[PDB]
Structures are given as C-alpha cells and as structure tokens.
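So this first bit is one chain, no partners, the form deposited in one PDB entry, shown in structure tokens.
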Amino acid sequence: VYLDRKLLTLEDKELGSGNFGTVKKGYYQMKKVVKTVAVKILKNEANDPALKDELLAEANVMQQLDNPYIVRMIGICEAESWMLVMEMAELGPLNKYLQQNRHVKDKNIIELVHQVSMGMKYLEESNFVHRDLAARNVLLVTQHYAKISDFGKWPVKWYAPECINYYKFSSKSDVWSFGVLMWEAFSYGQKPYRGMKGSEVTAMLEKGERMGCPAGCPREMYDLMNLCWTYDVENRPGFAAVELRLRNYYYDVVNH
C-alpha cells in the first residue's frame, strides 16, 4: 500500500513534464529483485492541501481499477514531495513507437487495439469514463502488450460530437475516441485531421465526413472505426460490442 522511500531509487531524467507533477523512471527494491517503475512526483508550487487530496483520490481510484490492460499502481510514497508509483511501460506511447517502427505488422496492430478495447471494456464495466483516450495515452510494455494510461484546452480531434456541443461525456464518447485511436494506429502514429483547426473538424463531421482508410488497413477494421464514429450516440456501440468484434477478428486473423 505505502512504500518505503529508502526502497526507491529515482533517475534525474524526466519521462513526463506537467504543471502538477514530474514523471521520473525509478527502481523499487523487492527482497530478491528490483522493479522498474514510473514515478509522479507531486509538484505543489502552489500551495494547496487539496492537490495532495487529488493525488490520494487518484491512488484510491487506481486501486479499484485492476486489469492487465491499464497502467497499474504499485503504491504511494511520502518523501521530499508526495509520490505516486506506477509500473513502467518501457516502449513509451503507441504513436511515437509506430512513427519509428514502420515494420510493425497490421496483424500486430489488430492485437494492440483489441488489448485497448479489453481495458476500455473493463473501465466501462467499472463506470469509469476516460475522456482523453488517444494513441499518446496508450503505452507499450512490449510490441505485443499495450496498457491504457491517463497523463482549459481540450483534445477536440478525439472528441465525440455530443462532447463539443453539450459536454456529455460517457463510455460511448470514449468509443468515438477509440475510433480516432484505431485510425492513428493503422496510420503508424500520424496526426488525425492534420493541419485542421478544432472548428474545421466539427464542421467536417457534421457533413457526414470521416477520415479515410489508412494504407494497408484491413477493411473490417476500417468498418469498425466508422461504427465508432457513429454521430448518433444511441446507435454507437459500447466497448462490449467493440471488444467482441475485435476479439472474433483476432481469433480469425491472428491465430498462428
């Protein structure tokens, strides 16, 4: 639950930078072995007791969410600053990985997005709405093991129309984001709606227009992105339906 700072070694290089924290790679001593971890060090400049409350609440939320397809919590550590200790996904975000590894097979991409649907089906079942599902928020443990993470101005290009218009956030608006995620993945981490303003994307979507099928993307997978992009929220699938369609496809295509 609560970790001993003496058992925690921090590297001075930053994996992430933010207004309320700095992420650093570390090592947590465990009897015989040492476990590589990612550490959010609370930056409370600031200087409120509610910021610490938020970190402790996130820790409680994370404790409840236990699934192999989400960045899992190791524990909390109170030292020079408050620290949240998480497992390390050594390859970093899915977008950057794919921009540098054009050799990734489309069979390997089906497996990754299915794993993302599995973790999102879990979050849906636990009544948890992500709100920032994108490729940059999918971190790789290995090339065959994806984990969902969550690191004013909004990520409009991943937003469902009911989020832009009425601020209605649900698991079904996370489904829309999943479809933008799938597009980013088969496009080898290229930016969705490249060079468009958020306002331009809203207008395009209202004309019934959607992003084209990436090069080499299987047709069944593009058909699924399009169903994730259903304008009417009531007709849009949930993650139970999405995961089941990806599971079947993985069972058919990837078995070997």
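Numbers for residues come from their place in the sequence shown, where the first is 1. Definition used throughout: the rigid core is the maximal C-alpha set that superposes within 1.5 Å between two forms.
There is also a form solved in complex with a partner chain; it is not shown, and the following applies to it.
Using a 4.5 angstroms limit between non-hydrogen atoms, residue 102 is distant from its partner chain in the deposited bound form. At a distance threshold of 4.5 angstroms between non-hydrogen atoms, residue 171 is out of contact with its partner chain in the deposited bound form. Although the partner is absent here, residue 137 is a contact residue: one of its heavy atoms lies within 4.5 angstroms of its partner chain in the deposited bound form. Residue contact check for residue 198: one or more of its heavy atoms lie within 4.5 Å of its partner chain in the deposited bound form.
For the options 150, 106, 125, 78, the one in contact with its partner chain in the deposited bound form, meaning a heavy atom within 4.5 Å, is 150. Just one of the listed positions, 106, 125, 90, 78, moves its Cα by at least 2 Å between this form and the one not shown when the rigid core is held fixed, and it is 78. A displacement of less than 2 angstroms separates the C-alpha positions of residue 237 between this form and the one not shown, with the rigid core held in common. If you fit the rigid core between this form and the one not shown, you'll see the Cα of residue 209 move by less than 2 angstroms. Residue 200: CA moves less than 2 Å between this form and the one not shown after rigid-core fitting.
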